[PDB]
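J.: the data below comprise the sequence and an experimental structure of the protein.
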Amino acid sequence: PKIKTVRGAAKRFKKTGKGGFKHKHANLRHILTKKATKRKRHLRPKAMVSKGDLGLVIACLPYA
Amino acid sequence: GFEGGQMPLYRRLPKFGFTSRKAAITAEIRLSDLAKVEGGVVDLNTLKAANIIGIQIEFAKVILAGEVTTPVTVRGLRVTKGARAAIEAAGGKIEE
Amino acid sequence: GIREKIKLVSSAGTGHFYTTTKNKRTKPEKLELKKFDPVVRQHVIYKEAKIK
Amino acid sequence: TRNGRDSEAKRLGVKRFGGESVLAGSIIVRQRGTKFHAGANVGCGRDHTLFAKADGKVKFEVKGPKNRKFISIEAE
RNA sequence: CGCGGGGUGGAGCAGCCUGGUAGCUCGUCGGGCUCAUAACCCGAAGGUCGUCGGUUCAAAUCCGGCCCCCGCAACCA
RNA sequence: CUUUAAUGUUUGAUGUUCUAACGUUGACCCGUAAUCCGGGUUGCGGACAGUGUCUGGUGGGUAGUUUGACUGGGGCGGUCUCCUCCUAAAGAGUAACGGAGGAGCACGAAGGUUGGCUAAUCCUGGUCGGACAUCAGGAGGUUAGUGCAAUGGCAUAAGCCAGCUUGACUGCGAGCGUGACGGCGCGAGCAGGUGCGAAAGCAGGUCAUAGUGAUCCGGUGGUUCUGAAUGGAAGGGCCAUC
RNA sequence: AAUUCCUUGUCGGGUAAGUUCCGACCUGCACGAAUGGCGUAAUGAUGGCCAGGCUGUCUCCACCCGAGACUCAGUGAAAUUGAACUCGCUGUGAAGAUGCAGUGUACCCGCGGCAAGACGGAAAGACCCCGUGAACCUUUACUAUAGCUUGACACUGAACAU
RNA sequence: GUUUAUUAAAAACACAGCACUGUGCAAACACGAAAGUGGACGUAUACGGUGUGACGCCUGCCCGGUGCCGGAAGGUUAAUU
RNA sequence: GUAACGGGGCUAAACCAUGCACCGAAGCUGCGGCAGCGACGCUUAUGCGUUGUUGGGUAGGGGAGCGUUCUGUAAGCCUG
RNA sequence: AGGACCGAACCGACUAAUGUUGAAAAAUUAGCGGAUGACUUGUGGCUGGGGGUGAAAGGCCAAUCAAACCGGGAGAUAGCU
RNA sequence: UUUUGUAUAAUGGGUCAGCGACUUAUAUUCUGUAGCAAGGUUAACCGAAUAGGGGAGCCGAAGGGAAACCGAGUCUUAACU
RNA sequence: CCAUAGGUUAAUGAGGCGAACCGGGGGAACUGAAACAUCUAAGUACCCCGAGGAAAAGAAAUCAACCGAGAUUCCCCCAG
Ligand SMILES: [Mg+2]
Ligand SMILES: [Mg+2]
Ligand SMILES: [Mg+2]
Ligand SMILES: [Mg+2]
Ligand SMILES: [Mg+2]
Ligand SMILES: [Mg+2]
Ligand SMILES: [Mg+2]
Ligand SMILES: [Mg+2]
Ligand SMILES: [Mg+2]
Ligand SMILES: [Mg+2]
Ligand SMILES: [Mg+2]
Ligand SMILES: [Mg+2]
Ligand SMILES: [Mg+2]
Ligand SMILES: [Mg+2]
Ligand SMILES: [Mg+2]
Ligand SMILES: [Mg+2]
Ligand SMILES: [Mg+2]
Ligand SMILES: [Mg+2]
Ligand SMILES: [Mg+2]
Ligand SMILES: [Mg+2]
Ligand SMILES: [Mg+2]
Ligand SMILES: [Mg+2]
Ligand SMILES: [Mg+2]
Ligand SMILES: [Mg+2]
Ligand SMILES: [Mg+2]
Ligand SMILES: [Mg+2]
Ligand SMILES: [Mg+2]
Ligand SMILES: [Mg+2]
Ligand SMILES: [Mg+2]
Ligand SMILES: [Mg+2]
Ligand SMILES: [Mg+2]
Ligand SMILES: [Mg+2]
Ligand SMILES: [Mg+2]
Ligand SMILES: [Mg+2]
Ligand SMILES: [Mg+2]
Ligand SMILES: [Mg+2]
Ligand SMILES: [Mg+2]
Ligand SMILES: [Mg+2]
Ligand SMILES: [Mg+2]
Ligand SMILES: [Mg+2]
Ligand SMILES: [Mg+2]
Ligand SMILES: [Mg+2]
Ligand SMILES: [Mg+2]
Ligand SMILES: [Mg+2]
Ligand SMILES: [Mg+2]
Ligand SMILES: [Mg+2]
Ligand SMILES: [Mg+2]
Ligand SMILES: [Mg+2]
Ligand SMILES: [Mg+2]
Ligand SMILES: [Mg+2]
Ligand SMILES: [Mg+2]
Ligand SMILES: [Mg+2]
Ligand SMILES: [Mg+2]
Ligand SMILES: [Mg+2]
Ligand SMILES: [Mg+2]
Ligand SMILES: [Mg+2]
Ligand SMILES: [Mg+2]
Ligand SMILES: [Mg+2]
Ligand SMILES: [Mg+2]
Ligand SMILES: [Mg+2]
Ligand SMILES: [Mg+2]
Ligand SMILES: [Mg+2]
Ligand SMILES: [Mg+2]
Ligand SMILES: [Mg+2]
Ligand SMILES: [Mg+2]
Ligand SMILES: [Mg+2]
Ligand SMILES: [Mg+2]
Ligand SMILES: [Mg+2]
Ligand SMILES: [Mg+2]
């Protein structure tokens, strides 16, 4: 039968133009007042998945 | 996505966004595809007939990709600026 | 962690607020600071309010 | 025992050495105090991290009455 | 966080209970009295009546924010 | 409005009484050859009891589980995250139940800037006043200070005063450093808008390095982004935040 | 002391000599009054101790009688087994050697015996640890839950009061 | 007397006796989704449970804790409304 | 059980100093053979006159093969 | 008269040696306890698996018991060999 | 075989013969190879029919953004050197 | 009292067995989640009742989206 997508993974990752994956950064959820503005700002934009854990992501999302 | 007992990359990261239902019923049309239709007139229905867009498509966009040679009359469809220009050059017409 | 967190709200009328910490035992009086409201794009007065 | 603890290593020290051509913004030294002082075309960070403010070559030198190590950047 | 109830001489409790109003149990001192500690009386020191503002002639008594103590159920990643 | 009385009648509770549901493991009759069961007559009880649904309590009676790791075997004890030093072999890193110490904050000024200033300790003299307050002067030269551990810094002071203030700004960010990654860190400059200064300038928290917690699930505020026929809305998203 | 760790407590009795036993003392680590206290005749394949009788239990074994063992005839297993042309010693060695090194000794093959070694055979150690095993048991572990119990509504009605 | 059939026969269990406690009979309690059955064709001098364990002398103080029994003035408290 | 040179034995066959010999390995060389990997140049049957070098190997990765039963090729071919 | 005594059958099973690939998957010989009782035994019947039964040892429930046996879920799962 | 390491006195095998362990299905990804190529390919099904039809679909030729939306750009921001 | 319950006849039908498939009533656990309780396994195994050659379902108080489609079942898509 068809491979099932890891649905959590689907929620967290979007495949990009060159076949990478963007994700929202961790740590910008709560406990914010203590985090510096700068840090928060840096966390805001979506970022590419690293070369190391790309494989895992791919495994999770076969249909991507 | 099992990294030993460590919280795996997807569980580590926040979920984001939502899936739009309006996005599933939108379509993207290359200029190269305007030749494949018949009569030189481009409606949604005509596109469907041609088998370019798909049946469950309410909204369609014409994009500057490929090129159009024949004069073409685009009817009730969104056209990007470059694509519009290309159509004009070809000798076409765009009406809403 | 006796220092409670508070929310400085703009007098400009915008929903914008800064957040910060305040020791309420030593400083009972309300905190007023002229801070930059990014929505109005002006330096407006930000009075203290509860984090809620 | 009351002794098993020690903090994670901070990977300090000179990152770019004498004569080494760097891009502007490149960190030259991570340090605790001003063990090295910022000379010409080198900026000092908030944690006393020395970084290039211009592209060029790192130049360590001893300068001043207190005989302090100054890092300057010379343009190529 | 939501709701309810309280902060009253040194302590707890009445006076709030729809303003015109500091009493109760002790505690302390002094006097009388006893062999007397006591029992008992007389006399007195001791209260922004949680805090502040408002309605009003008049509030601890009505209300608003704020602070603290307690109770309440509630989920709590 | 505070406070009750009068005349007229709609849910509470608390009894009294009754009978017609219901109960009867009371008596007699019948099906019937029958201590079952049913029907009848009758007495007692009686809207209670008892059952169903919902509900609070109790509930090892029963069940499913659970009950960490490191560890010079295991248990017991200790430890688990973060910072400083040493171990660490002059780049970085580097282990042990190796040797020593700290943190789970604080501060609307202890932040920003402009202007000014320079410490410990000792000796001598000096009312109360003494080893030790406060005042002089000399020696002294940072042996002091750093809001707190340790290390590295610090007179251009990062140490100590005073004036005026919110840059403890919003959007960004070349380029680096450090991590397996999640991440964490440094950052000139650009746009907007601000403060201090005559001006050059400096200011995106604090001398630096601890002071912290991913995701999910929720809470509050903003935002026409979305809105299951359409208009709305709910819910969701995005930004802020708990 | 079925309880006393220290402890073979101390004193006495018993014995030539008594960590046991009996009697006391009390200094009860840590008895104690129906998870009974203290007595107690009788009973006990009950625990401990002492004495008489008796004895091969022993000093210290001897002989004899039978059943095996031994030889012949007939039948005829088993555990075990990588292969073996299967010595000693000293050393070495995955750290205890028939097998390696050095060395010594040893003609080939039975039978009766013995059991020191073959880390001999018999059971994938029962001890110990480990496994995000198992099971049962436990409780004021968590979550449930049968049962017991509370109320509301239902089956369930009528008057009359307070 | 009984017991670990097959390593434990005992000081273990049982025992008559004692005590507490529940139980008023459609009994308590038990087996039963229930009907019903046991208790018992018994009825408090009876039955169940618990402990103790012939007999003799006896059985002391503590109700703070955990249970259990009684109490309901207040506080708190579900479904319901 | 000698048992603390491996043994015999040794006054050197021990030790120190200098030298020249020789033995000594699957090291290096010699001759023959196979294979991989690169060059350069042929003029090809996509490999060849040649020329360097490499070829211990567990986990493991890559490449090329043998053989077995069965299907086609096969009512073919071998086989009393 | 007697859960009286001694002692055969009968019921047991304390010691012992033997046996331990046994004559026997618990026996033997020598001794041993009860032996009119809470005895023993035959035949038949009832109690069923989180269930029975248990003078209680977690005993026993067909040489199996801290949850029988047989089939099924089932090729459970096994970071282990 | 397992091991840092086994002649090991660590595991396993008395011997022989036969059997005895990386499979299959469906998805997905990369490599080779063949087809066609800005196109490629059909599925069920029709069709006695491995033909041919069938292009429903799928994948590809455009991305950016949470999304509306825009589009060789786009998101970010009031705006980007 | 009538009646009713009951009773005696008479007729017709039923009973049980049977592989799988089907509808309904009940309904696990191991297992996966690298523990485990929500969840998973799975409405699976199993138990029970009823039927037929098939069963079940079925002629919109159905979808859809302002255009329209036109009962059920079954297959491929939609789509992991
Ligand atoms: Mg958020
Ligand atoms: Mg963890
Ligand atoms: Mg189509
Ligand atoms: Mg009865
Ligand atoms: Mg349990
Ligand atoms: Mg452990
Ligand atoms: Mg240990
Ligand atoms: Mg170093
Ligand atoms: Mg070094
Ligand atoms: Mg200054
Ligand atoms: Mg300062
Ligand atoms: Mg400071
Ligand atoms: Mg500091
Ligand atoms: Mg979670
Ligand atoms: Mg709508
Ligand atoms: Mg004792
Ligand atoms: Mg003695
Ligand atoms: Mg004695
Ligand atoms: Mg006792
Ligand atoms: Mg007692
Ligand atoms: Mg006793
Ligand atoms: Mg007896
Ligand atoms: Mg044999
Ligand atoms: Mg040896
Ligand atoms: Mg022999
Ligand atoms: Mg032997
Ligand atoms: Mg022998
Ligand atoms: Mg052995
Ligand atoms: Mg084992
Ligand atoms: Mg018996
Ligand atoms: Mg017996
Ligand atoms: Mg036995
Ligand atoms: Mg015995
Ligand atoms: Mg007893
Ligand atoms: Mg008593
Ligand atoms: Mg009590
Ligand atoms: Mg009491
Ligand atoms: Mg009570
Ligand atoms: Mg000797
Ligand atoms: Mg050679
Ligand atoms: Mg060679
Ligand atoms: Mg050679
Ligand atoms: Mg090789
Ligand atoms: Mg070689
Ligand atoms: Mg007798
Ligand atoms: Mg007898
Ligand atoms: Mg006998
Ligand atoms: Mg069972
Ligand atoms: Mg036991
Ligand atoms: Mg048995
Ligand atoms: Mg079980
Ligand atoms: Mg299964
Ligand atoms: Mg198996
Ligand atoms: Mg093996
Ligand atoms: Mg080992
Ligand atoms: Mg070897
Ligand atoms: Mg071996
Ligand atoms: Mg051997
Ligand atoms: Mg082993
Ligand atoms: Mg074999
Ligand atoms: Mg073997
Ligand atoms: Mg594949
Ligand atoms: Mg391919
Ligand atoms: Mg039938
Ligand atoms: Mg489960
Ligand atoms: Mg389970
Ligand atoms: Mg599991
Ligand atoms: Mg039908
Ligand atoms: Mg219509």
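T.: Alright, I've got the coordinates. Numbering: from 1, shown residues only, chains lettered A, B, ... in the order given. Ligands and ions are numbered 1, 2, ... in the order given.

J.: residue closest to the middle of chain D?
T.: For chain D, the residue nearest the mean C-alpha position is residue D:29 (2.5 Å; CA atoms, centre = their mean).

J.: and the residue of chain B that's closest to RNA strand K?
T.: Nearest residue of chain B to RNA strand K: residue B:82, at 2.3 Å (CB to the nearest atom of the strand). In this view, the C-beta of every residue, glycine as well, is placed from N, C-alpha and C.

J.: now do the contacts for the residue nearest to the centre of chain D.
T.: By CB atoms under 8 Å, 6 or more residues apart in numbering or on different chains, the residues touching residue D:29 are D:13-15, D:35-36, D:49-50, D:71.

J.: what of residue D:25?
T.: D:51-52.

J.: what's the answer for residue B:83, then?
T.: Applying CB under 8 Å, 6+ apart, the residues near residue B:83 are B:31, B:62-64.

J.: what does it show for phi and psi?
T.: Torsion angles at residue B:83 (phi, psi; degrees, to the nearest 10) stand at phi -60, psi -40.

J.: and for residue B:95?
T.: phi -130, psi 150.

J.: where's the residue nearest in space to the middle of chain B, which helix or strand?
T.: By CA atoms, centre = their mean, chain B has its centre lying nearest to residue B:28, at 0.8 Å. When elements are assigned from DSSP states H and E, residue B:28 belongs to strand B:26-30.

J.: could you spell out the sheet neighbours of the next helix or strand after that strand, each with its direction?
T.: Sequence order places strand B:41-42 as the next helix or strand after strand B:26-30, per DSSP H and E. Sheet pairing of strand B:41-42 (DSSP bridges) gives strand B:73-75 (parallel).

J.: quick one: distance of the partner strand to the chain centre.
T.: Relative to its chain's centre, strand B:73-75 lies at 15 Å (CA atoms, centre = their mean, to the nearest Å).

J.: any bit of the helix or strand that it is followed by sitting next to RNA strand K?
T.: Per DSSP H and E, strand B:73-75 leads on to strand B:78-79 as the next helix or strand towards the C-terminus. Yes - judged by CB under 7 Å from any atom of the strand, strand B:78-79 comes into contact with RNA strand K at residue B:78.

J.: any part of strand B:78-79 near RNA strand F?
T.: No - shown here: strand B:78-79 not in contact with RNA strand F (CB under 7 Å from any atom of the strand), separated by at least 14.2 Å.
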